[PDB]
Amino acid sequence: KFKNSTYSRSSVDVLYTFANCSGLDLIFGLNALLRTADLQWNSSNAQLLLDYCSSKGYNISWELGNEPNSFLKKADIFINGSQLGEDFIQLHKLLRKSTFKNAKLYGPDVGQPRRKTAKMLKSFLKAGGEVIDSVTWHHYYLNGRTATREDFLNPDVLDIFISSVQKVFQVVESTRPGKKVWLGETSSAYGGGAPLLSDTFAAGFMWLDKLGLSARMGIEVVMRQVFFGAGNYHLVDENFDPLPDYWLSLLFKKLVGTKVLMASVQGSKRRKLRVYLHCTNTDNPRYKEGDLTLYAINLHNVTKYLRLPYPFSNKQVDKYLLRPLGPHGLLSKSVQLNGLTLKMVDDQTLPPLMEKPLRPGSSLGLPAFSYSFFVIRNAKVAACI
């Protein structure tokens, strides 16, 4: 199934210029299965790529290997985490001797922390943990081939993510205390996504919850599989149309700040009503220092009404409620923000993201199977200023 393939200077150029023109920071995964006589990493192809990227003044960050935990299954080669650690030390020497000597290095891009994966991540961080800037690991909830509609709406499925995060931090804290932890590749379902699920309004429950738990639990960066590509889990289809998860991502980018706080529901039945609280993004021109962004998921089959605690009860709140455009309900590929369909104005213009001012003191309405952001204006939270 897995044949060796080549790529050109042209390909590199396409990739870098996409990122540069888009204002994104490229991380490039290097081939870890290029092996010397005694299963040492052969850095000679990476040397060719590093030289060329240097010769063009490309500022790139690096990874080495994808899911090394399954190299045996993929290529009948087993590389233990100690050897992989030594391989990263060798790549780090090459970066230091390069034109970009401060270039960042991330790894080891392991799968979710099963016992054999946890063992490999521990031996990797013992041996090579000194040279990585962040620990990367991967998470998918489901097999795209078998995933059901009910799975995408199931708090019991959402909650499995929590123990995966706990096991990763248990390995990191026992080997490289305080090292930053990143989700280097993550989505709803593997095998390219669940057909008619991973590309719909229903995909939003898993995506917003994963962002809320990641921020709440200490994950610094979450990398969405994929922005664009063959798989159903794309934010943008091959006709360059944005799916509901693109719009959800854009609202999150505009409204949600870097400072993570906490919200919880009294009666403590944190299953189907899921709530997350950050400081408002200060890049948002509309809002000011001290403002709060609440986001909420309602997996109940009825509307829930949320009451804000003192001293926020009577603040002006801006609602950003996402609902599917019919007739396909949760399986729709179109979303409305406060009743207006989200659609590009033209190929060069994203639309405004129009808030709905609620009357102060009112309870926050969250319809069945929906998610919403709520900005609490003039919150005056000192933690946020």
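Each form is matched to the other, and the largest set of C-alpha atoms that superpose within 1.5 Å is called the rigid core. Position 1 is the first residue in the sequence shown; the rest follow in order.
With every structure aligned by its rigid core, 107-115 is the stretch of 76-84 and 107-115 whose CA positions lie farther away in 6 other deposited structures of this protein. Looking at 270-278 and 138-146, the one farther from the shown form in 6 other deposited structures of this protein by average CA distance, after a rigid core fit, turns out to be 270-278. For the segment pair 62-70 and 49-57, the entry gives 49-57 the higher mean B-factor, averaged over Cα atoms.
Between 206-214 and 122-130, it is 122-130 that carries the larger average Cα temperature factor according to the deposited entry. Taking the deposited Cα B-factors for 156, 283, 109, 173, the highest one is held by 283.
Remark: of 275, 279, 103, 168, 103 shows the highest value [criterion: C-alpha B-factor in the PDB entry]. The PDB entry assigns residue 295 a C-alpha temperature factor belonging to the lowest third of its chain's modelled residues. Residue-level temperature factors show residue 267 in the highest third of its chain, judged at the C-alpha atom. Sort the chain's modelled residues by C-alpha temperature factor and residue 324 lands in the lowest third, per the entry. Among the modelled residues of its chain, residue 361 has a C-alpha B-factor that falls in the highest third, as given in the PDB entry.
Residue-level temperature factors show residue 258 in the middle third of its chain, judged at the C-alpha atom.
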